[PDB]
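In the entry's author numbering, the protein residues as written are 1 to 683.
Built from N, CA and C at the ideal position, the CB exists for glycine as well.
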Amino acid sequence: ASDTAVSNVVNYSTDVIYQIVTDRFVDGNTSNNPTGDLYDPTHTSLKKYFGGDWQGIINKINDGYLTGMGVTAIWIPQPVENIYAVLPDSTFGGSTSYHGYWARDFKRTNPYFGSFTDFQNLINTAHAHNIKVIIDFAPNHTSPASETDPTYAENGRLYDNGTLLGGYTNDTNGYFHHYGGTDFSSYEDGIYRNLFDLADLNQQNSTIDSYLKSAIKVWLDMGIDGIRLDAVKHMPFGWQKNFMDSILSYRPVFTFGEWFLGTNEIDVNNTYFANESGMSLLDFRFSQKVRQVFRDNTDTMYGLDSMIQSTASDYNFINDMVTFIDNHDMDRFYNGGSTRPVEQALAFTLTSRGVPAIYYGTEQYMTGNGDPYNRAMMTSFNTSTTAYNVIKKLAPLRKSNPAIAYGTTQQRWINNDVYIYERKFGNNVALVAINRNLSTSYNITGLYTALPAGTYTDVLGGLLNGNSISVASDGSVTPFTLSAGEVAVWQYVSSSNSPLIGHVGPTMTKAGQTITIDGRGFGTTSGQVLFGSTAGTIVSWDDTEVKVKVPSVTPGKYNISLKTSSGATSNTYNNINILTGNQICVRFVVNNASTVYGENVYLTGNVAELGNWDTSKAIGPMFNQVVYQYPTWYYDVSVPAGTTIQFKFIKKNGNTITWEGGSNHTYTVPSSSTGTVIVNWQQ
Ligand SMILES: OC[C@H]1O[C@H](O[C@H]2[C@H](O)[C@@H](O)[C@@H](O)O[C@@H]2CO)[C@H](O)[C@@H](O)[C@@H]1O
Ligand SMILES: [Ca+2]
Ligand SMILES: [Ca+2]
Ligand SMILES: [Cl-]
């Protein structure tokens with residue numbers, strides 16, 4: 001199988017995701033609809049179940065609507081059993097779990113979407129049509145609850161395949177956090193306090209950790225191809241790294257977290273998470289900038305290019321960034337007026353780096369500002385819209401042109417309104433020109449490109465007013481007019497390739513596990529794959545994909561390279577993390593650690609998971625407000641099972657590091673369950 005095959009579930013860079021809100025798409029079976037106040041057959045009361053289901057999605061796969069658009073993956077809401085209560089709502093009458101994010105049992109289906117057999121039908125129908133299936137999964141919480149009013153909603157009650165574990169009130173088992181609600185003011189505040197009124201799960205509780213691991217395996221065994229993890233800024237990094245290892249050790253799939261960022265928001269924790277968790281991220285930096293530039297007129301093409309360069313610098317795995325222009329929590333991209341801006345934002349996303357996701361109905365110019373107005377019933381299946389055909393023409397290029405799936409991005413021409421950028425992967429090239437100005441054209445002189453000499457036609461065939469260009473041997477492009485609102489795409493795909501790695505997945509692995517290396521020019525005869533300088537054991541070898549067993553190198557990060565059977569060496573794909581063993585989430589606690597203003601406590605120790613005594617990569621700054629209070633500090637950390645670790649705490653600020661004195665602390669990590677280790681600061 002090639003890199004582009006539907007069965008390659010650790011690489012989505014050649015795919016285009018269509019994000020479906022199941023309840024609001026197609027009602028394929030009326031008999032599974034809720035009855036009573038849960039259900040609105042008129043599709044007008046925007047927080048009720050409208051009846052959209054998995055059979056409905058199946059229908060739109062079988063009848064060619066999605067495939068005719070070039071969709072190759074779908075992302076659906078959390079498939080698990082949700083609460084049945086209808087919550088009072090002063091605007092909408094009642095509020096329901098139609099959206100899937102209010103779980104009551106992570107091991108069973110939402111019967112309104114379908115049974116496990118319906119889910120199986122969806123997976124199988126999608127695969128028969130070369131469509132991958134991603135599920136939303138929301139382990140941060142169950143459902144809306146009030147501790148003082150257990151009659152509200154279902155009091156966050158959680159079941160384990162029908163067996164009640166407990167609820168938010170009288171939580172004697174400590175399955176939930178009881179620290180009030182978050183105000184988003186700090187990382188710590190957002191993790192240990194409730195998101196809104198949602199009953200916050202205590203993943204550090206061994207029963208809950210084990211439960212969530214078991215639950216995701218139910219869905220992996222149903223044949224899912226990917227996971228969108230909800231609210232990842234609201235759970236501990238350490239717990240999620242531990243959770244990811246459980247998934248990747250069982251059957252690896254592409255996983256991407258939702259870490260919400262606002263316009264212009266900077267968050268170093270978001271960077272760290274993308275680089276270290278073992279999962280990818282929804283690209284809110286990309287999305288928010290695209291909205292500023294094309295929708296809301298608050299930045300220029302210079303800002304767009306600055307985002308492209310900054311994200312590339314910050315994120316180790318830029319080809320894994322899941323890009324989008326809107327979603328079910330944002331104002332619909334189309335907002336009235338010309339449809340050209342949304343068409344341009346689509347074209348930009350579809351030809352840019354990462355993994356494009358398109359919110360259902362974008363191709364039908366659906367409008368709606370704010371939740372739930374942005375979640376109306378799918379309006380139309382008209383296949384003649386300009387936007388539908390923009391997607392139809394551009395989506396397949398991620399499969400046919402490796403520059404688009406894997407390539408670097410270089411600015412070739414820029415002003416306030418014009419961005420001409422180049423995607424390049426070896427001798428494969430795509431050149432894209434966009435003029436956002438709807439009234440003014442620009443004269444394009446001094447343009448250069450890596451496209452070979454010749455004349456290139458617009459891949460869009462003039463759909464967005466594009467036209468042909470001529471390129472000379474020195475790369476100079478003959479002057480041309482970029483008309484108002486124009487988008488044009490020009491490309492070259494080489495007939496042969498030197499070995500080039502475009503993707504490695506998963507990025508967090510360990511000895512004996514298998515990783516997938518995708519690209520071009522590997523040849524058909526087996527060669528060598530190197531982890532640094534150490535060879536792995538080849539599982540399978542093809543020109544676009546090599547699978548390899550991870551060798552027993554010292555745990556840490558490794559740069560992957562490939563050598564063909566004739567001895568040609570590829571580029572390196574950096575920062576693949578090799579863990580020490582299967583992971584466990586351990587809460588580290590240190591007492592009596594006094595600090596000065598601006599100084600914080602960090603954890604360091606003698607395994608890769610603790611940075612191997614590297615103080616510049618010590619774990620922290622640690623927390624000291626919610627679970628324990630200063631001068632006690634704490635942090636939840638993913639560490640290798642059954643391993644005897646040595647560790648110390650350090651204090652650092654902006655100049656100078658203070659270590660604990662005395663001998664190292666030592667602790668043997670549990671074999672399977674979560675653990676807590678508590679020590680006193682040693683002078
Ligand atoms: O000619 C090489 C030059 O091309 C581009 O510069 C553009 C510039 O972006 C436009 O704003 C305008 O000034 O025309 C220039 C070409 O004459 C690239 O942006 C630049 O890096 C490159 O050196
Ligand atoms: Ca239905
Ligand atoms: Ca939480
Ligand atoms: Cl940015």
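Whole-number beta carbon distance between residue j and residue i, since they are thought to touch under 8 Å
i	j	result
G354	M321	4 Å
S287	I325	6 Å
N173	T142	Actually they are not in contact, since the Cβ atoms of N173 and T142 sit about 14 Å apart, beyond 8 Å.
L447	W490	In fact, because the Cβ distance is near 11 Å, the residues do not count as touching under 8 Å.
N110	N82	5 Å
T386	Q364	With a Cβ gap of about 11 Å, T386 and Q364 do not count as contacting.
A145	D197	6 Å
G426	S494	7 Å
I216	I134	Not really, about 13 Å apart at Cβ, beyond 8 Å.
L579	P555	6 Å
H43	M377	4 Å
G485	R340	4 Å
Proximity winner among the options, relative to residue i (alpha-carbon distances)
i	options	result
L248	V637, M508, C585, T537	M508
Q309	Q411, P356, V26, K217	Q411
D225	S214, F137, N264	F137
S31	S13, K399, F50	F50
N653	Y630, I17, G620, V639	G620
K48	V10, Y597, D89, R340	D89
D37	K648, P555, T96	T96
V9	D267, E486, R251, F92	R251
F649	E147, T455, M622	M622
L438	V529, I576, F294	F294
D183	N316, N194, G662	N194
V218	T263, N130, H129, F119	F119
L394	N382, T169, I17	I17
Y98	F116, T117, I76	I76
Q583	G238, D296, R291	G238
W102	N275, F113, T91, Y84	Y84
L346	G303, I391, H328, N327	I391
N170	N155, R398, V637	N155
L482	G675, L464, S473	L464
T148	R104, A199, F25	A199
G223	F284, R423, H127, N205	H127
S7	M235, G64, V253	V253
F588	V669, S561, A1	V669
heavy atom of ligand 6 below 7 Å from residue i C-beta
i	result
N140	In terms of ligand content, the structure shown lacks ligand 6 and carries ligand 1, ligand 2, ligand 3 and ligand 4 instead.
Beta carbon of residue i nearer than 8 Å to that of residue j
i	j	result
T351	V429	no
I57	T22	yes
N374	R332	yes
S280	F256	yes
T564	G605	no
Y635	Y628	no
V626	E258	no
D15	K107	no
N591	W681	yes
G502	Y421	no
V639	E660	no
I358	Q646	no
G536	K549	yes
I404	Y419	no
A641	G581	yes
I517	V546	yes
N270	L261	yes
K241	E276	yes
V504	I576	yes
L500	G519	yes
Query raised in the report: What runs of the beta strand (DSSP E), each 3 residues or longer, lie entirely inside the region 574–622?
Result: 583–591, 600–605, all fully within the region 574–622.
Report task. Report all residues for which the CB-ligand distance to some heavy atom of ligand 1 is below 7 Å; order them along the chain. Result -> Neighbourhood of ligand 1, defined by CB distance below 7 Å to any of its heavy atoms: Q411, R412, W413, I414, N415, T445, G446, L447, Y448, in chain order.
Query - Complete runs of the beta strand (DSSP E) confined to the region 53–78 [at least 3 residues] - result: Whole beta strand (DSSP E) segments, 3+ residues: 73–76.
Report task. Could you tell me which uninterrupted beta strand (DSSP E) segments, each at least 3 residues in length, are contained entirely in the region 407–489, listed from first to last along the chain? Result -> As summarised for the region 407–489, the continuous beta strand (DSSP E) elements at least 3 residues long and confined to that stretch are 408–414, 418–425, 428–435, 442–444, 454–456, 469–471, 480–482, given in chain order.
**Report entry** Below 6 Å from a heavy atom of ligand 4 - residues by beta-carbon
**Finding:** Here the residues come out as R285, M307, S310, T311.
Query - Any residue whose CB is nearer than 6 Å to a heavy atom belonging to ligand 2, listed in chain order - result: Taken from the N-terminal end onward, the list reads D27, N29, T30, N32, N33, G51, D53.
Report task. Could I get the ranges of all uninterrupted beta strand (DSSP E) runs contained in the region 643–674, with 3 residues as the minimum, in chain order? Result -> For the region 643–674, whole beta strand (DSSP E) runs of length 3 or above, ordered along the chain, are 644–652, 657–659, 665–668.
**Report entry** Unbroken stretches of the alpha helix (DSSP H), 4 residues or longer, contained in the region 298–349
**Finding:** Entirely contained in the region 298–349, the alpha helix (DSSP H) runs reaching 4 residues are, in chain order, 301–314.
**Report entry** Whole beta strand (DSSP E) elements within the region 209–276, 3-residue minimum
**Finding:** Segments of the beta strand (DSSP E) lying fully in the region 209–276: 226–229, 254–257.
Query - beta strand (DSSP E) runs contained entirely in the region 497–552, provided each spans 3 or more residues - result: Within the region 497–552, the complete beta strand (DSSP E) runs of at least 3 residues are 500–505, 514–520, 528–531, 537–541, 545–549.
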